[PDB]
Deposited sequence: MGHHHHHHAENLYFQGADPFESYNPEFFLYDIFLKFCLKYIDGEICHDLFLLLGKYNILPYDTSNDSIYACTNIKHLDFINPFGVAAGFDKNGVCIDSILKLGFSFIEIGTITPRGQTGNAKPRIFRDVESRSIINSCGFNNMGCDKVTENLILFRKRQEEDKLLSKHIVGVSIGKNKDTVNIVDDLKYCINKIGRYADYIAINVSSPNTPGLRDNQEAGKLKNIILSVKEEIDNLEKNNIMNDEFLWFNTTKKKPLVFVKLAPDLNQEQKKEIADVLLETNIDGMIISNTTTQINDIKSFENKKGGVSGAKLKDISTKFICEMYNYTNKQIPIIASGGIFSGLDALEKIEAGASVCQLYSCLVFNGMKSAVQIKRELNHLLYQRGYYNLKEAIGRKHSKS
């Protein structure tokens, strides 16, 4: 009963943390609990009707943890054992960074919103690779983790001129241990990063990343879950106009990107009194509708040819079903872990299974894109 993530004390501690403790400190405490493997766990098998896939990536269930939660890969086992099918570590950069000055994370509990200006704080590609190699060694000896997927989000150091150099550096160090690589061109907290979403720049970035991944073999294998070379995803920002979204879509089709993560934080949420005039991008429930509309738009601009990982405002099974019906094959959570806590995975999985049964869906795959 105690290791059950729905134990009552966890909600007691969650409420106390959300009322009296700084956001980053709460996060650091969660990571500390996982580092010592004293977090609750849920090793129950998941419904075979709720599993999903992106190409050859077979997700035991449709819920993972978004990037920026385990930036340095120091907590992969514990987070996954909460009930998640995958996690995206990072975003990492070649050299470590401490990020912007603190406090840089703020919460609004009433609206279930977060705002952050972290600035790609992380231990750097080389250290984080060592943490991921340790996990992959543990995974090779634990059967309960053999189907779990780990992706790596890569970006650039603040002072780097040509992003492709930094992306290549990361791919050549951590790529062989990744099940997929997420190209982060959508953080609002690294000056000029979002400009790389322009079509011509993005195209060259994607081809450069894919060419570097395809060269890992020759340069001398796959110490990951798929035992295959990592897929390539792009994470997009929701603060784009329609012509930019159409131009990106055309590039994603030409370059054969394996999927698109929709979406990162936004600067369009400005009705939160306590966040006014603050730096950073907003996450949480207020982002849900904005990011779901973005899924529908890109699902149609890419003619349904590009799989979608949903990110933004997902708290309930209904929220997740809305993303799936809009076009998503899998969902990523972040703010749900902040405001619901340890029970996030267990609870949302049960809710979705109930909804699939209620709505007359045979399985989750049948629901993908049904809104359209």
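Asker: Comparing the deposited sequence with the modelled residues, which stretches have no C-alpha coordinates?
Answerer: Those parts of the chain that were deposited but carry no coordinates are 1 to 20, 241 to 246, 399 to 401.
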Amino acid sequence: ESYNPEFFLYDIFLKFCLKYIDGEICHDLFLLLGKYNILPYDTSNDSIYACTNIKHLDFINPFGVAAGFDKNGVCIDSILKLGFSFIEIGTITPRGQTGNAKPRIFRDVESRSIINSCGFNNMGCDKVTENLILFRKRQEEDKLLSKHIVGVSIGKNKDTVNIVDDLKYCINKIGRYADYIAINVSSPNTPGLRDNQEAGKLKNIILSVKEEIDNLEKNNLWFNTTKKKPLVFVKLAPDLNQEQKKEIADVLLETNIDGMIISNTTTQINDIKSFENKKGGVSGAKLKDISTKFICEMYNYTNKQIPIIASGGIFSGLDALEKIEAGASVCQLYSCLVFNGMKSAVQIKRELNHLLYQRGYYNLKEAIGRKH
From here on, numbers count along this sequence of modelled residues.
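In this text, rigid core is short for the largest set of C-alphas that superpose within 1.5 Å between two forms.
Asker: Rigid core superposition, C-alpha RMS per stretch in 9 other deposited structures of this protein: which comes out larger, 134 to 142 or 294 to 302?
Answerer: Between the two stretches, 134 to 142 moves farther in 9 other deposited structures of this protein.
Asker: Which stretch is more displaced from the shown form in 9 other deposited structures of this protein, 270 to 278 or 157 to 165, with RMS over structures and residues of Cα positions after a rigid core fit?
Answerer: Greater root mean square C-alpha distance in 9 other deposited structures of this protein: 270 to 278.
Asker: With respect to the recorded C-alpha B factors, which stretch has the higher mean value, 40 to 48 or 332 to 340?
Answerer: If you average the C-alpha B-factors of 40 to 48 and of 332 to 340, the larger mean comes out for 40 to 48.
Asker: Quick one: say whether 203 to 211 or 138 to 146 has the higher mean Cα B-factor in the deposited entry.
Answerer: Taking the mean B-factor of the alpha carbons in each, 138 to 146 is higher.
Asker: Comparing against every modelled residue in the chain, figure out the third that the C-alpha B-factor of residue 113 lands in (lowest, middle or highest).
Answerer: Residue 113: CA B-factor falls in the lowest third of its chain.
Asker: Rank-wise, by C-alpha B-factor, drop residue 66 into the lowest, middle or highest third of its chain.
Answerer: Lowest third, going by the recorded CA B-factors of the chain.
Asker: Going by what the PDB entry lists, where does residue 32 fall on CA B-factor within its chain: lowest, middle or highest third?
Answerer: Highest third - that is where residue 32 ends up once the chain's C-alpha B-factors are sorted.
Asker: Going by the entry, which third of its chain does the Cα temperature factor of residue 103 land in?
Answerer: Its C-alpha B-factor belongs to the highest third of this chain's values.
Asker: Taking the chain's C-alpha temperature factors as the reference, tell me which third residue 347 falls into: lowest, middle or highest.
Answerer: Highest third of the chain for residue 347's C-alpha B-factor.
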